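>>> need a structure here:
(chains A, B, C, D and E, ligands or ions: 3)
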Amino acid sequence: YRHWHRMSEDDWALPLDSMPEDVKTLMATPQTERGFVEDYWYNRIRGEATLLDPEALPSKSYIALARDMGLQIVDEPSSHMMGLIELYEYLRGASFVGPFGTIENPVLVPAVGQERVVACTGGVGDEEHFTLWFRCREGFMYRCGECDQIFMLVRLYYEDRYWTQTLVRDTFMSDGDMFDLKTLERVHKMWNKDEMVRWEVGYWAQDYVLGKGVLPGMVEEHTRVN
Amino acid sequence: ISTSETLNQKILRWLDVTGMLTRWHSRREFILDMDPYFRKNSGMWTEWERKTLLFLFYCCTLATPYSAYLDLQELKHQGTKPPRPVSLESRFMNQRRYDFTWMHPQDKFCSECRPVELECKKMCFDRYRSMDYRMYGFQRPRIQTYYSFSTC
Amino acid sequence: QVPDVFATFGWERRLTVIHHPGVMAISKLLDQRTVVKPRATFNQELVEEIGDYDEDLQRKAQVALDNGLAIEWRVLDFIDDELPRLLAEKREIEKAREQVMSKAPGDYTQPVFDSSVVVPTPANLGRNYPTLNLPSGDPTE
Amino acid sequence: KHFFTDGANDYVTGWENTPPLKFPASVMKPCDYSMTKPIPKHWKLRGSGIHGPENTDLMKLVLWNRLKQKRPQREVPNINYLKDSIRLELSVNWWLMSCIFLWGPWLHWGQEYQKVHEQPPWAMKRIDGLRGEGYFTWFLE
Amino acid sequence: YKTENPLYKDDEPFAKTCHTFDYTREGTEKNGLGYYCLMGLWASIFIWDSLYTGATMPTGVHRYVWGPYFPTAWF
Ligand SMILES: CCCCCCCC/C=C/CCCCCCCC(=O)OC[C@H](COP(=O)(O)OCCN)OC(=O)CCCCCCC/C=C/CCCCCCCC
Ligand SMILES: CCCCCCCCCCCCCCCC(=O)OC[C@H](COP(=O)(O)O)OC(=O)CCCCCCCCCCCCCCC
Ligand SMILES: [Zn+2]
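Numbering: from 1, shown residues only, chains lettered A, B, ... in the order given. Ligands and ions are numbered 1, 2, ... in the order given. The coordinates are given below.
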């Protein structure tokens, strides 16, 4: 959005030193129990394990492929929530302009709390009036006293929580078959051999499953000076 | 005198003693004269941007000696500034309502002298020294000190 | 049937859009910089311009152009030794492209080719190329 | 340009109101739905209708304005842009050259002439009997 | 294939939208002939005022063929 500042380096990828060292437990943790860093590396390890196995991709369904990469198959419930989330974020630093509100289609006023201050400017052209500010509280269909424009408050609330991308992913995504560490090892040997590492994440991940320091050059990789 | 090069090449080689010309005519040589941390960003530069930067840098550094010459002549001029006639005290000249003490509110050194009136202060310091009070300055002949810019 | 997916970008400030599952898979695959590699194709006009900045690269780039090779720059520095493998690699990639393209729809069998000459592949993960940024001339000569 | 302007010289965030012209309209287009044909009455409003990311063009603008921040190479601007970027720098440098090779020489000549003839070479010699160099800018007399 | 050096490509045009930027009709892009005519007149006035220092103090004696009411008697 225009109100956001510049992408960080982390916005693209995370450093491999932030990979959890207990990979064996990481790949067995349920999604609802994974933190932001743990969830990043669960998806990256599992997603790259399937993508770096070309011979199996054509026989893998889009439902299974999306699960491996950690992408959520969309549906009307989740689409509604995500859309209203992105609309809330956009309105943080953007103007609020849209069609005239009526009983059939009230002006939708997203909010996290139970109230949001709103102003009615009336219709277009000569039907526009001076700003009339009012407090839009949930559970009431508001009508402007001047132009009769109907307003309504929409709350991004779900089960004692507000709506977030993390909440939407946890509520609607279902964990599939438990990730098999044999796949990690098999793909690791595929792209990492004879001092050539073409899957750096899988070389670090396999090292942790082995106990940290087992694979060649990994003790030297983990030895820091400050 | 080397005859293995042309006269033009010899002159350019000597003007390249510090490598300025080589860095202009070689991108690789310019990037490898950068410290490694900044060499990382070099590949994005255009040749237009690179040579324009060198041109601005070279013009500036080559004019610094000229400014230095102009400044030295200025120092010499001030170091031997000609005496000027003593000012007649005209209708509106040398008006004082109170002594000059804003520099030394409590000590009140040279209350009669003006802030940068060096000859008045010298005689005033001499009075203080004759009164057993030490003051600094106005005792060494100019030609017997360094950086005076008044030596023949 | 291809399902729609949510694709999110950013770490702390996250922007979510809808996207194609296959397009996202390709996007992540191209992010594997060690596996999927960009390769350069030259033309005579650009090869000549290279000489203005690196004479050695011009000669090596000319060899690549003469053989119509799409070559990585790191490999290009060793084209003198890698040329026989590069020519063999070119043939195998072409064979594979032809086989997959000509196959009937719904036939996703792997192509038959010699993977030992194609890099990067499991069969040949490449060579440990030595840095060539070492001066070899005496300034006093 | 030096000064930052949100609309034109927005270098702090790099936001651009419209997509690159290189992109086909089918891929990305400027966010402009002012020409939308009248909606049929039997169509029903599903979305909010509010100007925002529900519109495809606006969504793609936000997405691109964030994913454009990482690029494999530089987008070389043309020489006109490069000249404008350092217009003041180049002009000041030429001003310094003028001050050294134009102002310098004639100022020296005037002082040397003044030494011999008491007044600069661009002044009217006085007969009043007053002494000294007198004015220098004769056109402000 | 054929390519174009980016340094010599032309400037990209403003996008054509509901909100379009257009400077073509302003005529503020560069100094025009009128500006250079102002400079020429300034140089001329500067030289004239110095060369002919009695111009501001003219002579009231006037003959004027065809009298004073003829057009060439006003310049
Ligand atoms: C067939 C066609 C041939 C045409 C030939 C054209 C020849 C033109 C020659 C022009 C020579 C001009 C010389 C100017 C010398 C000025 C020297 C001077 O004043 O030095 C000191 C002065 C500063 O003095 P201060 O003591 O600080 O006092 C002033 C400030 N307080 O220093 C400067 O001004 C520095 C700049 C010096 C510039 C010298 C310019 C020389 C120009 C040569 C041009 C040659 C052109 C040849 C053309 C050939 C075409 C076939
Ligand atoms: C706060 C103080 C500021 C400084 C002093 C301000 C002084 C007043 C304002 C001046 C501003 C000028 C800015 C430059 C504009 C510019 O160059 O503007 C340039 C314009 C031309 O525009 P173009 O560049 O588009 O051609 O010049 C003109 O319009 C004039 C063209 C030449 C005319 C020649 C003949 C003139 C005859 C005049 C006779 C006068 C007789 C008077 C009798 C009493
Ligand atoms: Zn209203």
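>>> please enumerate the helices of the chain.
Reading this off chain A. For chain A, helices defined by DSSP state H occupy the ranges A:23-26, A:36-51, A:62-69, A:76-90, A:165-172, A:181-191, A:200-210, A:218-222.
>>> please refer instead to chain D.
Here chain D has its helices, by DSSP H, at D:56-67, D:79-85, D:87-98, D:104-117.
>>> quick one: closest of the ones you listed to ligand 1.
helix D:104-117 (2.7 Å; Cβ to the nearest ligand atom). Any C-beta I mention is one placed from the backbone N, CA and C, and that applies to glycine too.
>>> around chain B, which positions in chain E sit nearby?
residue E:7 (Cβ under 8 Å from any Cβ of the partner chain).
>>> residue of chain E nearest ligand 3, please.
With Cβ to the ion, the shortest gap between chain E and ligand 3 falls at residue E:18, namely 25.9 Å.
>>> number of residues surrounding residue B:19?
Using other Cβ atoms under 10 Å in any protein chain shown, residue B:19 has 12 other residues around it.
>>> torsion angles phi and psi at it?
phi 80, psi 10 (degrees, to the nearest 10).
>>> on that earlier part again, out of the helices of chain A, the one nearest residue A:114 is which?
helix A:76-90 (15.0 Å; Cβ to Cβ).
>>> which SS state does the residue of chain E found nearest chain C fall under?
Closest approach of chain E to chain C (Cβ to the nearest Cβ) occurs at residue E:1, with a separation of 5.9 Å. Recorded secondary structure, residue E:1: coil (DSSP: H, G, I helix; E, B strand; the rest coil).
>>> ok, it touching residue C:43?
Yes - using Cβ atoms under 8 Å, residue E:1 makes contact with residue C:43 at a distance of 5.9 Å.
>>> more neighbours: which of these two?
Neighbours were counted for residue E:1 and for residue C:43 using other Cβ under 10 Å; residue C:43 has more, 11 against 7.
>>> chain C: strands as residue ranges?
Using DSSP state E, the strands of chain C run over C:5-9, C:15-19.
>>> relative to residue A:46, how far out is the spatially closest residue to residue A:199 that is not a sequence neighbour?
Nearest residue to residue A:199, sequence neighbours excluded (Cβ to Cβ, 6 or more residues apart in numbering or on different chains): residue A:191, at 4.1 Å. For residue A:191, the distance to residue A:46 equals 15 Å [Cβ to Cβ, to the nearest Å].
>>> what do you get for residue C:6?
From residue C:6 to residue A:46 the distance is 17 Å (Cβ to Cβ).
>>> likewise residue A:77?
Taking Cβ to Cβ, one finds residue A:77 at 25 Å from residue A:46.
>>> the two: which is more packed in?
residue A:46 (21 against 11).
>>> you'd agree that one is up against residue A:65?
No - proximity of residue A:46 to residue A:65 does not meet the contact threshold set by Cβ under 8 Å, at 11.3 Å.
>>> what parts of chain C come near chain B?
Within reach of chain B by Cβ under 8 Å from any Cβ, chain C has these residues: C:53, C:54.
>>> for chain C, what's the longest helix?
helix C:79-102.
>>> how many neighbours does residue C:82 have?
19.
>>> distance check, it against residue A:70.
For residue C:82, the distance to residue A:70 - Cβ to Cβ - is 38 Å.
>>> show me what contacts the nearest residue to residue A:139 once chain neighbours are set aside?
Spatial nearest neighbour of residue A:139, chain neighbours left out: residue A:153 (7.8 Å); criterion: Cβ to Cβ, 6+ apart. For residue A:153, the contact set (Cβ atoms under 8 Å, 6 or more residues apart in numbering or on different chains) comprises A:109, A:111, A:114, A:115, A:116, A:136, A:137, A:138, A:139, A:140.
>>> do the same with residue A:68
Counted by Cβ under 8 Å, 6+ apart, residue A:68 has contacts A:46, A:47, A:49, A:50, A:51, A:60.
>>> now the buried members of those.
Buried members of the contacts of residue A:68, counted by 16 or more other Cβ atoms under 10 Å in any protein chain shown: A:46, A:47, A:49, A:50, A:51.
>>> the second one against residue C:27, yeah?
No - here residue A:47 lies out of contact with residue C:27, judged by Cβ under 8 Å, at a distance of 11.3 Å.
>>> helices of chain E, residue ranges please.
Assigned by DSSP H, the helices in chain E fall at E:33-51.
>>> ligand 1 contacts on that one?
Neighbours of ligand 1 within chain E, by Cβ under 6 Å from any ligand atom: none found.
>>> next to chain A, which bits of chain C? Give me the list.
C:1-16, C:18, C:21-22, C:24-25, C:28-29, C:31-32, C:34-35, C:108, C:110, C:120, C:122, C:125-126, C:128.
>>> put the buried members of those into a ChimeraX selection.
The ChimeraX selection below is limited to those of these classed as buried (16+ other Cβ under 10 Å):
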select /C:4,5,6,7,8,10,11,15,16,21,24,25,32,35,120,122,125,126
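>>> tell me which element residue B:37 falls in.
Using DSSP states H and E, residue B:37 sits within helix B:36-39.
>>> who's in contact with residue D:48?
Counted by Cβ under 8 Å, 6+ apart, residue D:48 has contacts A:87, A:98, A:108, D:54.
>>> to clarify, my last question referred to residue C:113.
Residue C:113 makes contacts with C:92, C:93, C:95, C:96, C:99, as judged by Cβ under 8 Å, 6+ apart.
>>> list buried residues within the residues you listed.
The neighbour count (16+ other Cβ under 10 Å) marks C:92, C:96 as buried among these.
>>> nearest to residue D:127, of the helices of chain A?
Taking Cβ to Cβ, helix A:76-90 is the member of these nearest to residue D:127, at 83.1 Å.
>>> buried residues, that closest one. List them.
A:78, A:81, A:82, A:83, A:84, A:85, A:86, A:87, A:88, A:89, A:90.
>>> need the contact list for the last one.
So the one you mean is residue A:90. Counting by Cβ under 8 Å, 6+ apart, residue A:90 has contacts A:1, D:52, D:53, D:62.
>>> enumerate the residues of chain E near ligand 2.
E:27, E:31, E:32, E:33, E:34, E:35, E:37, E:38, E:41.
>>> the same query, at a cut-off of 8 Å, please.
E:27-28, E:30-38, E:40-41 (Cβ under 8 Å from any ligand atom).
>>> distance of the residue in chain D that ligand 3 sits nearest to relative to ligand 1?
Minimum separation of chain D from ligand 3 (Cβ to the ion) falls at residue D:50, amounting to 16.5 Å. To ligand 1, residue D:50 is 68 Å away according to Cβ to the nearest ligand atom, to the nearest Å.
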